[PDB]
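Protein chains in written order, with the deposited numbering: chain H, 5 to 371; chain F, 5 to 371; chain N, 352 to 398, 405 to 622, 636 to 701.
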Amino acid sequence: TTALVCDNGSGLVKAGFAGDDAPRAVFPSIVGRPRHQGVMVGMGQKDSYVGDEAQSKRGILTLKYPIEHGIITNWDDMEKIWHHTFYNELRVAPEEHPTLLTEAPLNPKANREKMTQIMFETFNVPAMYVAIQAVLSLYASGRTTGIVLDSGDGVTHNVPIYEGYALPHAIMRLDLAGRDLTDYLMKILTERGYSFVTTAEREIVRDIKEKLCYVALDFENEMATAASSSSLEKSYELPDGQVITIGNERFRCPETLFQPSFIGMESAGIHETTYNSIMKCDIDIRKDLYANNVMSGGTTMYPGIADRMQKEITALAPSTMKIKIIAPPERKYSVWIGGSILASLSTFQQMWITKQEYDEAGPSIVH
Amino acid sequence: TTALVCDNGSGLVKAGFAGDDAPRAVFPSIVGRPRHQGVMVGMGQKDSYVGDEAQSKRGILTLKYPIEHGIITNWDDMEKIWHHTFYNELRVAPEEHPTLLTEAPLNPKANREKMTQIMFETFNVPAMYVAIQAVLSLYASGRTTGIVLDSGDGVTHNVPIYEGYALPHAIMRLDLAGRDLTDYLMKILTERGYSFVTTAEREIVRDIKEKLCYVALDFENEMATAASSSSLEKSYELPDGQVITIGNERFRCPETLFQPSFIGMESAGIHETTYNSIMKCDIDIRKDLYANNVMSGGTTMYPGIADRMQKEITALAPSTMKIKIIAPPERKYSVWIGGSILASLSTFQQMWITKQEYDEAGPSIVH
Amino acid sequence: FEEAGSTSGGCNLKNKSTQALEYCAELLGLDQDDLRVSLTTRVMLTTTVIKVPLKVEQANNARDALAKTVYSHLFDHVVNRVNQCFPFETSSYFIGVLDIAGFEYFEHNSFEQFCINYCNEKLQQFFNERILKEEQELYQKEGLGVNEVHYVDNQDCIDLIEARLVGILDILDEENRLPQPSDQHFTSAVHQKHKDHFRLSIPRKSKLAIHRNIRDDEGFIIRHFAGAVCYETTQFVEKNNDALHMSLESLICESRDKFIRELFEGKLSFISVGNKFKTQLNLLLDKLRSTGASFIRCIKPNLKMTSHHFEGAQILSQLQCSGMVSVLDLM
C-alpha cells in the first residue's frame, strides 16, 4: 500500500495520498455545536458538525477552530477531525497505509509525543513520522538552500536552511499572521459600520480577507492617493443581500505584515525578521540565503507580495547583492507537494517509526 | 614510469609528476567535519570534506589544518589527504610510480620513520625518498651555495649550504611565520571592529594576508606618514557584502618578520637570524654566503621584501661587502621545481629506498 | 529556456528562440502561445485549474521528452502501417525470427550500451536454460537416464542491475525524484548499497590503463558473461531523465493536425523512466519462454569484410562474446 500525507493545517487541513497530482481533501478545520434548540422532530441533527457541513450551516452553530496559536485545543475534537478526514473524505482505513503527519516549528513539548501516542492507540496506523511544515516547502520548490516561511492562520515562521543542514540558532516564530489579521480586519470594518462580531460571521470576514485585500507599493503614497477622489473601493455582496464598499482598510490590513504597530504588538515585520535571521548566520552562508528567500503558506497569497518584500529587503540589505524572492503559484498546497516527494523516496521508508518499535520505545523515540 | 613529486606543504600541499613545467594540483590542506545537522534527505553529504570542496563549503564545517607547527596532527587525516591527492586530483595509482616526498628541517624523530613506514604499507609505492624542502630550493634557483629559507604557514627555517656541503652547526628553525601572522592579523583586525573569530572565517583573514598587506621601507617613517591624512587604506569586499578598510595594520602585520616583539615572542627577526647563522660559519666561507641569500616559500611573497631585508642586512654586515638577495617569482612552487630536477637526474634513481630493501631493513634505513 | 524574472518563479523561453517556435508550431499543428505555457507549466486542479511553473532543468528535460515521445510513436506507426500492407488471415501457431544486436561495447561505454549488454545478459540466461534442457532429454533418449550436472547462475548480476530498491536502475530512477539530481551521488550510491560482490568493482581495480584514469565517482565496472565492462557515469542520469507530464502529454494528443492524432492512438507526474526498460523486456522474455528455440550465432571473420580472410584475434573475441565459450563450460 500507498502512503498517506495528511497535513495538520492551521487553516485548512489538507489530505491526499503520496503522489502525484494534488490533494484530495481540503477543508476549514472548524467544529461547531448547535447554539439553538431544535423543534423538528426527526431529529436528524448531528452532535457536532465538522467542515464542510459547518460552513454550510453557519448562523445556527458556534464555530471553534481546533488549532489556535499553533497548538491544539483538545484531542477530543482533534480525533473527530481525524476520524471525519480518513473515513468520510478519503475513504480509507489507517491500518492500510503508513502515514506522514506534519507539525509547526517551535511548538511546545510534550505536544508531539501526546499526539503521536494518541494517534497510534486510537487509529492503529502501522507506521508514522512527523515533519515540520517549513522543511517540506524546500522539496516542493526543488531547492536545497533558503529561508522557509510556514504562514497560516495564526502563526508564521522563519526557518533558515543551508545545503542541506538546518541552522538552530536563527529560527524565528512570529505569532503575527494570519488570524490576528482576520481579527484586525473585523476591527477596522466596524469603523465603516458593519458589525460582524459573531463567530459564524467571522468566516465571512476571512473570505473578504482572501479576495478583496491587496498590498501597497509604499504605504505613504497609497495613503496619499486614498485621500484623492479616485476610487479604490471594491463592492462585496453579502449573503443577506447587503453591499459592502471597502477602500482605505483594503490595503491597511495586509500592510500589517510589514508594520505590526497597526495591531499594537511589539514584534518586527517580515522585512526585518528575514534580515535579522540572515545576520545571525555565518558570513560565507549569508551569500546564498539571499536569492533563496522562499515564501510559503496561503496567507502569503496577497498580490503585492513578493515585490513589496523585494523592494524593502533590497533597501536594507548590502549594496550590489543579488536578491530574488521565490514565490510560485499554489503556495497553500506547497507543503502537501513537499510531503508527497518525501514519502515516495527511498530510503525514507526506513525512517518511519513503526508500531513494534514504538511499542518497545514509548514516547521517547520522538526526538 | 614517470616519478611523482608530492610536496608535504604546510599550506598548500603541492603535487605534480617529474618535469617539466608546473604542478598539476595545489590545494589548501584543510579537512573539515560538518558542524550542523542535515535535514535534506539524500543524503548526499560527505563524512569529511577535504579542500578544494571544504573551501567551497565554508561556514557549515569546522576547518582543521592537518599539519600544524611543522608536525602532522594524526595519520588518520593525513592518509585522507594522500588518498584524495593521488586518486581524485592526480588520477594515478602509487604502485605505478616511484615517489619523492618532502619534509621540514629540524622535525622531531620518529616522525620521518612512522610516515615512511605507514606510507609503504598503506599505499604500496615501489620506492620512495624524503627530501627536506629547503635543500630543494637550491636546485630550483640553480645555485650551489647559499642560505635557504623554507617559510610556510607556520614554520620558517634558515639552512646554510656551501658548495655542496651542508653546515649542521648553524641550522635555525623559527616558529614565527606565517600562521601566527594570520592569528596576529585577526587580533589587530578586531581592533577595527571586524570579528572573524571562527575557523572558517580565518581563511578569509589568510586571503587578505596574501593580497592587501605590504612591507615598509622603514617602520618609523611609515608610521609617520600613517599619522598624516593621506590614504594608505585599501577597501576589501567580503562574501556577505561588507566593505573592510585597513591601513595602519596593513604594514604592521608583515613587519613582524623583522620585529617579533609585536607578537610578544622572544625570538629575533629574519635580519638577525641570517646574520647570526653566517657568523656561526668558518671565516673563508662567510664571503660566499653573502650574495647567495635565497628566499623561498609563499610567505616570502610580500612586496617590500627583499629590499627591506637588503637594507637591514647591509647595515649590520661588514662595510664594503657585496650583498645581493635572490628572490625570483614563483617562490611557492620553488620546492616543486627543485624536486622535479632532482628525481629526473641519474644516478639518484639508485638513491631511492626500494620496497624489498625497506622490507629487509625496517625503519632504521632512514637515516 | 532561461530563468523567469522573479514573478512567479519558474522558467521562460529565450528571445533567440522566438522565430524558432513559430516555424515549429505549424509542423506540430498547435498554437505558439499555448505551446509556450505547456513547455513551462505544471497544470493541475484544485477541485479551478491552475498553472504552476517548472524549473529550468525540468523544462529542458520536458522539451526533450516530447521529442522522445513523438519519434517513439512515429516508429510504432511505421511498423503498424507496414503490418497493414500484409494483414494476416488468421492466427494459431507461429515460427518467428528474433534478430537483435549482440554484445557490443567500446572503450568508454555509454547508457545506450548498458541497456544492450543488460538485454544480452537476460538472453544469456535463457540461452543456457534451453541448452541444459536439451542435454537432459538427450541422455534420457539414449537410455542413459538422469544424471547430476552443475548449473551456472547469473541471477546475481541481474539482481545487481534491476532489483527493487537496491538495483542500479532502481537508484537511477530515484535520483530523478530528488530536488537536485547528481551523477556523483548516483555513483557513490551504487557502492553504498552494493559494497561487496564480485560482479562490481571500482575503476582503479582494472588492469587497463584507460580505465585506471577514471575517478571513483566517474564510473564503475560490471562483470557480465563476456567479462568486465566499464561504464562512465557522466550524463547517465541526464540520459535517463524524461519528464513528459500532463500539461504536454494532453496537448500533443489535442493537435489540430489529423496525422498527429493518429500517432497517439493524474498521477504520475514524472513517471518511471528506468522501469520502461525493464517492463518492455519482460514482455519478450516470457514470450521466448513460451516458445521453443533455435539459436543461430553469426560470426564476422575479418574487419574489412572481404572474402577469404580469417582473423583469429577477432573470431575468438566473438566466441567469447556470443556466449559460446560459456556453453562449452556447461557441457
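C-beta atoms are modelled at their ideal positions from N, C-alpha and C, and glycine is treated no differently.
Can residue i and residue j be called in contact, C-beta distance under 7 angstroms?
i, j, result
"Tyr362 of chain F", "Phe90 of chain F", "no"
"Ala22 of chain H", "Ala347 of chain H", "yes"
"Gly150 of chain F", "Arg183 of chain F", "no"
"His40 of chain F", "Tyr169 of chain H", "yes"
"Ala204 of chain F", "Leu16 of chain F", "no"
"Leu608 of chain N", "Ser389 of chain N", "yes"
"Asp574 of chain N", "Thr544 of chain N", "yes"
"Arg177 of chain H", "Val370 of chain H", "no"
"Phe262 of chain H", "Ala220 of chain H", "no"
"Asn570 of chain N", "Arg95 of chain F", "yes"
Is DSSP giving residue i helix, strand or coil here?
i, result
"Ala683 of chain N", "coil"
"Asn363 of chain N", "strand"
"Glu241 of chain H", "strand"
"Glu334 of chain H", "coil"
"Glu107 of chain H", "strand"
"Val298 of chain H", "strand"
"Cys514 of chain N", "helix"
"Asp11 of chain H", "strand"
"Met176 of chain F", "strand"
"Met119 of chain F", "helix"
"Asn162 of chain H", "strand"
"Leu189 of chain H", "helix"
"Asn672 of chain N", "coil"
"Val409 of chain N", "strand"
"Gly36 of chain F", "strand"
"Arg387 of chain N", "helix"
"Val594 of chain N", "helix"
Going by C-alpha distance, which of the options is nearest residue i?
i, options, result
"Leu110 of chain H", "H:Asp11, H:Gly74, H:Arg210, H:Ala321", "H:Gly74"
"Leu236 of chain H", "H:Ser350, H:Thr120, H:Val247, H:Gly251", "H:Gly251"
"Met355 of chain H", "H:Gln246, H:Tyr133, H:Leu320, H:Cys285", "H:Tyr133"
"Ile122 of chain H", "H:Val139, H:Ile192, H:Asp81", "H:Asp81"
"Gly46 of chain F", "H:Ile369, H:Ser368, H:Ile345, H:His371", "H:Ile345"
"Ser60 of chain H", "H:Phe31, H:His371, H:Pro172, H:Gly302", "H:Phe31"
"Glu167 of chain F", "F:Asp179, F:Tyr143, F:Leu185, F:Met190", "F:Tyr143"
"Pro332 of chain F", "F:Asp25, F:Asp179, F:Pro307, F:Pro172", "F:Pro307"
"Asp11 of chain F", "F:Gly42, F:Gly48, F:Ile71, F:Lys50", "F:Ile71"
"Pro27 of chain H", "H:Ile208, H:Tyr69, H:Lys18, H:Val54", "H:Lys18"
"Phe483 of chain N", "N:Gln688, N:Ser660, N:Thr676", "N:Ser660"
"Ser692 of chain N", "N:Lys670, N:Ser677, N:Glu681", "N:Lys670"
Check for me: the alpha helix (DSSP H) holding residue i runs from which residue to which?
i, result
"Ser348 of chain F", "338-348"
"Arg618 of chain N", "615-620"
"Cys257 of chain H", "252-259"
"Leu489 of chain N", "468-498"
With residue i as the anchor, note down where its beta strand (DSSP E) starts and where it stops.
i, result
"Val152 of chain H", "150-153"
"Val586 of chain N", "584-589"
"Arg569 of chain N", "Where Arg569 of chain N is concerned, there is no enclosing beta strand (DSSP E), although the alpha helix (DSSP H) it sits in stretches over 566-569."
"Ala135 of chain H", "134-136"
"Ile578 of chain N", "576-581"
"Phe31 of chain F", "29-31"
"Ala19 of chain F", "17-21"
"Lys84 of chain H", "Where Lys84 of chain H is concerned, there is no enclosing beta strand (DSSP E), although the alpha helix (DSSP H) it sits in stretches over 79-89."
"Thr392 of chain N", "392-396"
Determine contact between the stretch 351-365 of chain H and the stretch 322-340 of chain H, defined as no fewer than three beta-carbon pairs at a distance below 8 angstroms. no
Can you find at least 3 beta carbon pairs, one from the stretch 273-287 of chain F and one from the stretch 111-131 of chain F, that sit closer than 8 angstroms? no
Tell me, please, whether the stretch 601-619 of chain N touches the stretch 375-384 of chain N by the rule of three or more beta-carbon pairs shorter than 8 angstroms. yes
Inter-stretch contact (C-beta, 8 angstroms, three-pair minimum) for the stretch 410-421 of chain N and the stretch 591-605 of chain N: yes
Could you say if the stretch 513-527 of chain N and the stretch 542-552 of chain N meet the contact criterion of at least three C-beta pairs nearer than 8 angstroms? yes
Looking at C-beta atoms only, is the number of pairs between the stretch 573-589 of chain N and the stretch 462-474 of chain N that lie closer than 8 angstroms three or more? yes
Counting pairs of Cβ atoms below 8 angstroms between the stretch 297-307 of chain F and the stretch 330-342 of chain F, do you hit three or more? yes
Is there contact here, the stretch 283-292 of chain H with the stretch 195-204 of chain H, by at least three beta-carbon pairs under 8 angstroms? no
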